[PDB]
Structures are given as structure tokens and as C-alpha cells.
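Asks: Chains as they are written, first to last, in PDB author numbering: chain c, 2 to 100; chain C, 21 to 233; chain h, 1 to 19; chain P, 18 to 151; chain b, 2 to 83; chain d, 8 to 65. For each residue, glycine too, the CB sits at the ideal point set by N, CA and C. Encoded as C-alpha cells, here's the structure I'll be asking about.
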Amino acid sequence: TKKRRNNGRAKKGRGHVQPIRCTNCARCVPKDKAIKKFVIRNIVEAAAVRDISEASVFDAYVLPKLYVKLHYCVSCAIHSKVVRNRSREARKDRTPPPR
Amino acid sequence: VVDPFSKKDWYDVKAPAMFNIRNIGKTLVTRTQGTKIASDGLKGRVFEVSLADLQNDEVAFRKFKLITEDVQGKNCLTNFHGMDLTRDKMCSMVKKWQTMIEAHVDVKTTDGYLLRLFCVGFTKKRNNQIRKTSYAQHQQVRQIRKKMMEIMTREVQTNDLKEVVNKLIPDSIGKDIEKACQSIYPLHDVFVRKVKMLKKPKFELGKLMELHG
Amino acid sequence: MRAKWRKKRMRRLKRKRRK
Amino acid sequence: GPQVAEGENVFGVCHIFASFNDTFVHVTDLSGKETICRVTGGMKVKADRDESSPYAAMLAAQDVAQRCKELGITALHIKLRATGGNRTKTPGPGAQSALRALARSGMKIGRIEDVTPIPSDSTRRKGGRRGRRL
Amino acid sequence: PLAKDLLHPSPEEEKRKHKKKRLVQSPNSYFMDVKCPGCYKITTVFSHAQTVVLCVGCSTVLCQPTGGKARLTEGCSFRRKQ
Amino acid sequence: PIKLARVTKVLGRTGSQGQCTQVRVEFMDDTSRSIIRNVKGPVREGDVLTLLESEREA
RNA sequence: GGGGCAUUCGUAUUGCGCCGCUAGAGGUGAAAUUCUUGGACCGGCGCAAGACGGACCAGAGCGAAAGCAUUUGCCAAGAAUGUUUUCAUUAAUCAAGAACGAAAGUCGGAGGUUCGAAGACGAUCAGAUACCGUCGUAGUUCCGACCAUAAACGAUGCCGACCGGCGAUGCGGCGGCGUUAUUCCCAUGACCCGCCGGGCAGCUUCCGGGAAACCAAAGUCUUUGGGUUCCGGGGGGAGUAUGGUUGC
Ligand SMILES: [Zn+2]
């Protein structure tokens with residue numbers, strides 16, 4: 002039976018979407034379906050920031066950040082536990098988790 | 021068994037007259053063995069230095085690539101080779117609900133340096149805008165691209181490196197594009213993303229020394 | 001067995017039959 | 018070595034290439050051409066497992082700092098590098114430990130930046146169409 | 002719902018509803034007379050017009066062809082006819 | 008460089024059979040120096056550890 | 001991001017020349033095969049090759065469907081909207097007969113960067129003819145011939161009418177306070193609030209259906225007839241046998 006109305010992807014009123022490569026296991030996945038995780042993480046973790054402050058020659062030097070957009074296939078997205086299965090009612094909810 | 025670092029001479033490297041902070045730092049090279057001169061080792065040497073390390077009170081995300089041209093008795097003579105933008109800035113600029121506009125142009129300076137200038141721009145979220153997206157239509161983009169191309173052309177065709185660098189220190193090119201392209205579609209951040217030296221003239225010491233004083 | 005491999009066996013059998 | 022005033026900090030450039038198989042802490046001059054000292058996890062630990070371990074990275078950065086003190090360099094410009102290309106963009110586990118170990122040795126921290134080789138429309142990645150099944 | 006006089010809809014609702022889907026069809030367009038600033042002769046133009054029209058009186062452009070209604074030149078005053 | 012460290016708070020219990028415990032320790036030589044460490048055996052607030060390797064993380 | 005032809009740029013990958021320091025580097029759950037003091041891996045400068053157009057990139061657009069994202073120019077298409085323009089039934093759907101048709105595949109030419117069927121090894125294993133790793137032929141790319149198939153899917157034929165609401169969104173048009181840029185007045189852009197038509201969709205609903213899952217169509221079906229094409233008749237045998245026809 003039809004599990005997901007959208008067929009677990011975003012392509013509507015469109016023929017074919019170009020494929021991309023899963024950041025983990027290098028699987029070929031369509032761009033629309035792929036789980037996209039755009040992570041903006043500080044170049045140093047808060048635990049190690051203290052040691053950089055004193056050592057730095059510059060005063061009030063704002064620290065750089067890494068911007069990297071990870072693409073996950075459904076096999077790897079579920080195994081890595083970034084996304085897990087939900088109830089048949091809570092599936093239709095497409096609101097991102099609040100933090 | 022010999023330590024090579026015993027046979028290394030440290031040469032001080034100075035930036036040309038465009039920048040305030042003259043002293044950049046020290047580079048070591050192997051001593052002249054007779055066959056090959058120490059100057060030849062320092063001749064084709066590049067230096068990617070932040071703008072805030074060249075000018076005292078200027079921003080620190082517009083990195084300047086400086087090539088050595090001559091060596092003058094312990095002191096190294098550098099000239100402009102290119103202008104790069106730092107990664108974190110370039111990554112922090114690109115947002116998911118706005119059109120990015122990129123325009124590259126080849127221009128010949130009057131004194132005879134061939135530059136390739138890449139200028140990038142982003143559409144502005146208005147202050148009272150409810151709509152989620154702020155995209156520009158293909159013609160509006162083409163008009164903006166033509167506008168920033170012809171501005172870059174005009175403003176770097178007429179003058180020479182001496183003046184072009186001084187124009188790029190505050191990024192006056194960008195500010196003028198932001199002001200000019202406001203009417204077609206409001207721009208958010210318009211920087212000169214990249215400047216690359218393509219071709220050089222036949223080297224002479226006189227102009228290189230004039231660039232330093 | 002798998003239907004795609006039923007079809008591949010059938011084609012291998014048709015190749016040897018005709019020759 | 019360099020005849021410089023005690024107050025002024027002599028700068029260098031430290032390239033930190035942090036893969037998942039190994040870590041590279043490599044100090045050079047301002048240009049990059051004239052290298053000073055490079056040490057990798059392989060030289061510290063004799064275990065192919067722990068080539069990339071944070072401990073190996075810490076030891077590598079501690080030894081390269083110890084050598085840099087004796088050549089007159091006091092400050093370093095950090096350049097963090099992941100494998101990049103068609104492979105992963107995230108740095109390996111050694112990066113943070115190595116940077117901490119350089120900062121702890123007494124070496125000053127200059128401009129921090131990522132120099133990961135990001136590709137615009139690259140060639141086929143090493144994995145097949147179905148990808149890596151392990 | 003359930004009681005509307007399909008026979009006698011209110012004239013503001015009549016005008017809002019599409020020209021073809023009205024109770025009786027009527028065009029949204031109209032005929033207007035133009036008074037050119039540098040001329041005495043009067044001319045009549047269609048509200049949505051398609052050709053750049055010329056006043057042979059002074060030989061000057063009047064209205065411009067657009068996606069919808071024709072934009073009149075600055076100075077030339079338009080007035081509705083009947 | 009063998010240095011001592013006070014225990015301010017017990018963060019939680021870790022390890023495959025919860026045999027270890029994760030704690031945040033404030034050093035003795037420096038007053039305001041916090042680091043996260045995993046320690047075997049029973050611990051509480053006030054207990055001082057003798058850290059042989061003071062650079063590693065948990 | 002409809003199509004063809006031309007032009008240009010981007011970093012990355014790989015190979016090569018030169019320079020610095022050097023003992024390991026690669027890969028894996030763990031290893032080994034493999035490349036290394038005839039100087040690997042790493043860092044700097046420059047040259048070359050072919051591939052691909054990241055992030056922007058969306059339940060967004062365009063196309064009959066396959067499919068279609070670097071810039072600029074040239075050539076001819078096309079929907080929708082706008083119209084007090086014209087022809088005046090010229091239409092709908094379709095045996096025969098046509099155009100196109102992913103990937104792979106077969107012929108000739110060009111070139112071979114990456115990846116990589118076959119094959120050669122190294123691991124794991126009771127065995128592994130596989131999964132994992134190192135290499136690698138055909139192929140992957142371009143020009144000219146074929147081949148006519150995919151879960152070619154919305155598993156849902158096309159044309160036309162009627163039947164509930166709601167907020168967005170894309171293109172065009174229409175009306176209207178107020179912000180801003182082109183100094184200012186209009187007038188164009190960017191916003192903002194409504195309306196109208198045609199599209200991509202979404203949420204809600206005891207309209208009503210259905211075996212239900214669900215569907216504003218898969219509703220207006222025993223209260224059974226708007227028009228028309230293809231097509232199923234318990235499960236295997238079987239998309240097999242034979243015959244015809246198309247193709248190297
Ligand atoms: Zn995967």
C-alpha cells in the first residue's frame with residue numbers, strides 16, 4: 002500500500018531530478034529525496050576555546066566557523082540516528098524539531 | 021649528520037607603499053652554494069596576508085596575495101599578485117532563500133597588468149517583507165550582471181595598479197555596485213570576491229622601487 | 001527465485017537453443 | 018636563530034591536514050615554500066588503528082612545537098585541511114587535539130582558517146552507484 | 002450559500018467577477034479621449050491599446066503598448082467617454 | 008608534570024557496564040581551570056584526583 | 001535549468017617539470033596487496049589533459065514524454081495573460097501510418113581525467129567464485145549510424161460540465177494607503193493589502209464514494225447512459241513453444 006503521499010521525496014510537477022552522493026557511504030541518491038543537514042559548527046569546541054583566547058596575539062578576535070552541507074541516503078540517515086521511524090499519525094507532521 | 025637550518029639566511033619581507041603596516045615578517049632561504057643564488061629562491065615567492073595585518077584599522081576577511089619581484093640586501097621587495105576572500109565569510113554570505121549573482125571580467129590596466137575580477141552579490145530581504153523568498157527574475161539578474169560588469173570595467177580600465185589597489189582597500193567597487201544596482205533590485209552584500217593577475221609586463225626595477233618609494 | 005533472474009536464465013536458454 | 022627583538026613575535030604557517038586514517042601537523046614560513054618541520058601520528062604511535070587518534074595528534078603537535086621553539090618561531094598561522102576533493106569535508110578527530118596541543122606548548126595563535134579543497138562539479142567518487150555496503 | 006439571488010447579484014461583486022464568467026458579458030476596457038499639451042485637436046483611443054498611436058496634429062506619441070492597458074505620455078490628459 | 012584537581016560536580020555514569028563515571032574537575036595549580044574527565048571507582052564532590060596526563064579529554 | 005549552434009569561466013581530480021624538509025604514506029572493524037632515502041606522503045610556484053557545473057537549489061520553473069542549472073551572443077520555437085482585432089464550426093478521441101524516446105548494448109572514426117562490468121591479487125570465511133580493500137580491459141566523454149526497452153510511476157488515458165472552505169506559492173493582468181532607490185514631481189523597480197485567469201502543490205472537512213488504505217477525485221454508480229481510444233477475466237504452464245515480421 003501507499004506508505005507516503007509524496008513517495009518519500011519532493012519532486013512534484015517535474016520529470017527527473019539530478020542525483021547526488023551520500024556524504025557517508027557514497028551511495029547515488031536523488032537530490033530531492035536525500036536528507037540534507039547544513040551544520041554550522043564552531044572551529045573550536047567551548048571546552049578548548051579558553052586555551053586559544055590567551056595564546057591568541059589579537060584581542061577580541063572572533064573565532065572562525067565551518068559551514069558544511071551533509072547529504073545522507075535513507076540507509077545511512079537511519080543508521081547514524083539523525084532521523085528515526087515515527088507513528089503513522091506523527092509522520093504527516095513535517096515541522097522540524099525545536100531546539 | 022649536518023643540520024640544514026644552520027645554512028639558512030632570514031630575509032625581512034616588506035609590502036609596497038599602498039599598505040600602512042610595511043613589515044610582514046621573515047622568510048629563511050638556503051645560503052648561496054655558488055651555482056644558484058639565494059635571490060632566485062626568494063624570486064617567485066607568494067604571501068597570502070590578511071588586510072587587517074597590512075592596514076591597522078581595516079577589516080580582516082579580504083586576504084591579499086603579494087608576489088616577490090626583487091631582493092635588495094637582506095630586504096625582500098613584493099608587488100600585488102591577487103586579492104582572495106576568506107572561506108568562513110564566503111560561506112556565511114550564501115543563504116537558502118535569496119538569489120546569488122556572480123560576474124567575472126578580464127580588464128587590462130593602463131600601465132599594462134591584465135586582471136580577472138570576480139564580483140559576487142546577494143538579493144536583500146526587505147525590513148517589512150512577509151514573503152519568505154527574495155528571488156530576482158532572470159532579466160533583472162542579467163541587467164544587474166551587465167551593470168556590475170560595466171562598473172568593474174570602467175573603474176579598473178582607466179587607472180593603474182597604484183590606484184586600483186587603493187580602490188580595492190575599502191572595496192569602493194562593491195559600494196558603488198550596491199548603490200548603482202539598488203534601482204533594479206536591492207543588493208545585500210556585494211564584494212569583489214576574487215582578483216587574479218593573468219599577465220605581467222617585462223620587469224624593470226625603477227617602477228618596483230617607485231611602488232616602494 | 002527473483003523474476004529478473006528467471007528472465008536472464010530464460011534468455012541464456014533461448015541463446016543455446018537457437019544455436 | 019633570526020636576529021629579532023625579544024618583544025616582537027616571529028610568525029610561521031602551520032598546515033594541519035586531519036584525515037580519518039592519519040593527522041599531519043606541518044609548520045612552514047609565511048610563504049609555504051620553505052618548510053620548518055612536519056610530524057604525523059605514524060611517527061608517534063606504532064599502531065595503524067591509532068594513526069589518526071587524538072593522542073597521536075597531541076604528541077605530534079607537542080613535538081613540532083618543541084622543535085619550533087629552538088628555531089626562533091613563537092607564533093603560527095593555523096590552516097585546517099580535511100581530505101576534501103570528492104571525499105568528506107569535515108576534519109578528522111586529530112584536528113582539535115593538535116590545535117589544543119600547539120596552543121598549550123606556548124606557541125601563539127595567528128589567523129585560523131579552513132583550506133579544505135572544495136570542488137565545484139567533480140569527477141565520480143570512489144564508491145559505486147549503490148555505494149559502500151559496510 | 003443556499004440563498005443567493007443568482008438573478009440580481011450586487012454590482013461590486015459583478016465587477017470583481019471575471020469578464021467572461023459574469024451573469025451577462027461586458028468588457029472591462031473602455032474608449033477615452035486624449036488632450037495633448039502641444040495641440041488643440043482631440044483624438045479617441047482604446048484603453049488597452051496595441052499600437053503606438055500618433056497625433057497627426059503635432060506628430061507626437063500618445064500611448065505606449067504594454068502587457069495590459071496602454072500607458073499615456075506625460076502631459077496628455079485622458080477622460081472617460083460615456 | 009603530575010598535577011592534582013578538585014571535583015565540583017559528577018556529570019553522569021558512563022562505560023559499557025556503567026563501571027566508570029564522568030566528572031568536571033577544577034585544577035589546584037590554577038583556580039579557574041575546568042576540564043571533563045572519566046574516572047574509575049566511587050567519587051563525590053570534594054574528592055581530589057592525581058592526573059598523570061592532564062591534556063586528554065572525555 | 002524548454003531546444004540547437006557558437007563562445008567563455010570555475011574550483012577540484014590526475015599526470016608532469018622545478019624547489020624545501022624528510023621516514024614513513026595509502027587503506028580498513030582489524031589487516032594485507034600497494035607507492036617509498038634512485039627520495040614517497042605533505043607544503044610552494046607553473047604547465048597539460050579530459051570530465052563535471054558544488055553551495056545558491058525550494059514539495060520552485062519549463063518541456064509531449066524521456067529530460068533540462070557557469071557567462072555572453074546568434075537562430076527558430078512555446079504556454080499563460082491582455083484585447084469592444086480577425087476566420088465562423090474549422091471540433092473531441094483515435095485501427096493503419098508517423099516523430100521523439102533514460103541507462104545499458106552493437107558498428108565505424110576522435111580522445112582517454114575520474115570511476116569501473118570482465119579479469120588479476122590482498123583480506124574475511126567451514127567454504128566466498130561475493131560483501132571490504134589495491135590495480136584494471138570494455139565501457140563512462142564527443143561526431144556519424146543503429147537498438148526502441150525501464151518500478152519509462154502519480155503503479156491513476158484524453159476532452160467537457162457540476163460539486164465545500166482555508167492560507168501560501170509561480171507567470172501575467174487589474175485596483176489601492178504607506179516605506180524606500182533612480183536627487184525632487186510624476187514614472188519605473190523592491191516591499192505591503194486585496195482582486196481576476198491559467199499552472200506546481202499543501203492543510204482541513206460526515207459533499208460523496210471505497211473492501212479498506214485513502215481520494216476534492218479514485219465524488220456526481222442498482223436514484224445504474226456527456227463523448228471516445230487502449231485493455232483484464234482464478235493461480236501456474238508463460239510472455240514459454242511455433243509461425244510471421246524488424247535488426248549486423
Ligand atoms: Zn549512504
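Is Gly145/P near ligand 1 - that is, is its Cβ less than 7 Å away from at least one heavy atom of it?
Replies: No, ligand 1 has no heavy atom inside 7 Å of this Cβ.
Asks: Taking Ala118/P as the query, report the chain d residues whose CB atoms sit under 9 Å from its CB, ordered along the chain.
Replies: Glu62
Asks: Starting from residue 3/C, trace the alpha helix (DSSP H) both ways and give me its first and last residue.
Replies: The first residue shown for chain C is 21 and the last is 233, placing residue 3/C beyond what the model contains.
Asks: I'd like to know whether the C-beta of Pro65/c is nearer than 8 Å to at least one C-beta of chain P.
Replies: At a cut-off of 8 Å between beta-carbon atoms, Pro65/c makes contact with chain P.
Asks: List the whole-angstrom C-beta distance separating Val83/c from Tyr68/c, where the pair is believed to meet the contact cut-off of C-beta under 8 Å.
Replies: With a Cβ gap of about 18 Å, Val83/c and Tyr68/c do not count as contacting.
Asks: Of all Cβ atoms in chain P, is any one closer than 8 Å to the Cβ of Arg107/C?
Replies: Yes, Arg107/C counts as interfacial toward chain P.
Asks: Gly9/c: beta carbon under 7 Å from a heavy atom of ligand 1?
Replies: no
Asks: Against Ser112/C, what residues of chain c qualify as contacts under a CB-to-CB distance less than 8 Å, listed in chain order?
Replies: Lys66 and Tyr68
Asks: At the 8 Å Cβ level, is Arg55/P part of the contact set with chain C, yes or no?
Replies: no
Asks: Assess contact between the segment 37–55 of chain P and the segment 61–74 of chain C, defined as three or more Cβ pairs (one per stretch) separated by less than 8 Å. Is contact present?
Replies: yes
Asks: Is there at least one Cβ from chain c nearer than 8 Å to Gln113/P's Cβ?
Replies: yes
Asks: Determine whether the beta carbon atoms of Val140/C and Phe211/C lie at a separation below 8 Å.
Replies: yes
Asks: Could you list which residues in chain C have their beta carbon closer than 7 Å to that of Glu130/P, in chain order?
Replies: The answer, in chain order, is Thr106 and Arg107.
Asks: Is any heavy atom in ligand 1 found nearer than 7 Å to the beta carbon of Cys74/c?
Replies: Under cutoff, so the answer is yes.
Asks: List the DSSP bridge partners of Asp90/C.
Replies: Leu97/C
Asks: How close, in whole Å, do the beta carbons of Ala92/P and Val27/P come, if the pair is a contact with beta carbons under 8 Å?
Replies: 7 Å
Asks: Pull out every residue of the segment 79–109 of chain P whose Cβ sits closer than 8 Å to any Cβ of chain c, in chain order.
Replies: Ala92, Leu97, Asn103, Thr105, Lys106, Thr107 and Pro108
Asks: Measure the CB-CB distance between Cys40/b and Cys64/b and report whether it falls below 8 Å.
Replies: no
Asks: Find the residues of chain d that neighbour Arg121/P, judging by a C-beta separation of less than 8 Å, and give them in chain order.
Replies: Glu62
Asks: Compute the Euclidean distance between the alpha carbons of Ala112/P and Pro31/c, then round it to the nearest angstrom.
Replies: 32 Å
Asks: Do you know whose CA, among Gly61/C, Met113/C, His124/C and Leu228/C, lies nearest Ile164/C's CA?
Replies: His124/C
Asks: Helix, strand or coil for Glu68/C per DSSP?
Replies: Looking at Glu68/C - three-state DSSP - the assignment turns out to be strand.
Asks: Just checking my contact of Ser48/b with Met33/b at CB under 8 Å: how many whole Å lie between their CB atoms?
Replies: 6 Å
Asks: Can you tell me whether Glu15/b is buried or exposed? The criterion is at least 16 other CB atoms within 10 Å of its CB, across all chains shown.
Replies: Exposure of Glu15/b is indicated by the presence of fewer than 16 other C-beta atoms within 10 angstroms of its C-beta.
Asks: When DSSP labels each residue in this structure, what does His17/c get in the three-state scheme?
Replies: Of the three classes helix, strand and coil, the one that applies to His17/c here is coil, per DSSP.
Asks: Ordered along the chain, which non-local residues of its own chain (more than five positions away) have a Cβ less than 8 Å from that of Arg17/h?
Replies: none
Asks: So what's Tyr31/C in DSSP terms, helix, strand or just coil?
Replies: strand
Asks: Could you give the distance in angstroms between the alpha-carbon of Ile42/d and the alpha-carbon of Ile53/P?
Replies: Taking C-alpha positions only, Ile42/d is separated from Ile53/P by approximately 32 Å.
Asks: Which one of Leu137/C, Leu48/C, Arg136/C and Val127/C has the shortest CA to CA distance from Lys63/C?
Replies: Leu48/C
Asks: What's the gap between the Cα of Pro108/P and the Cα of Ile90/P?
Replies: 26 Å
Asks: Counting along the chain, where does the beta strand (DSSP E) carrying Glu230/C start and finish?
Replies: First-last for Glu230/C: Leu225 to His232, but that is the alpha helix (DSSP H), not the beta strand (DSSP E).
Asks: Is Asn103/P near ligand 1, going by C-beta to nearest heavy atom under 7 Å?
Replies: no
Asks: Count the other CB atoms, across all protein chains shown, that sit within 10 Å of the CB of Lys61/P; report buried if there are 16 or more and exposed otherwise.
Replies: buried
Asks: Look at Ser36/P and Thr140/P and say whether their C-beta atoms are less than 8 Å apart.
Replies: no
Asks: Can you give me, in chain order, the residues of the segment 33–48 of chain c that have a beta carbon less than 8 Å from any beta carbon in chain P?
Replies: Under the 8 Å Cβ criterion, the segment 33–48 of chain c contributes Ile44, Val45 and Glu46.
Asks: Run down chain d in chain order and give the residues with a C-beta less than 8 Å from the C-beta of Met75/P.
Replies: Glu62 and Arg63
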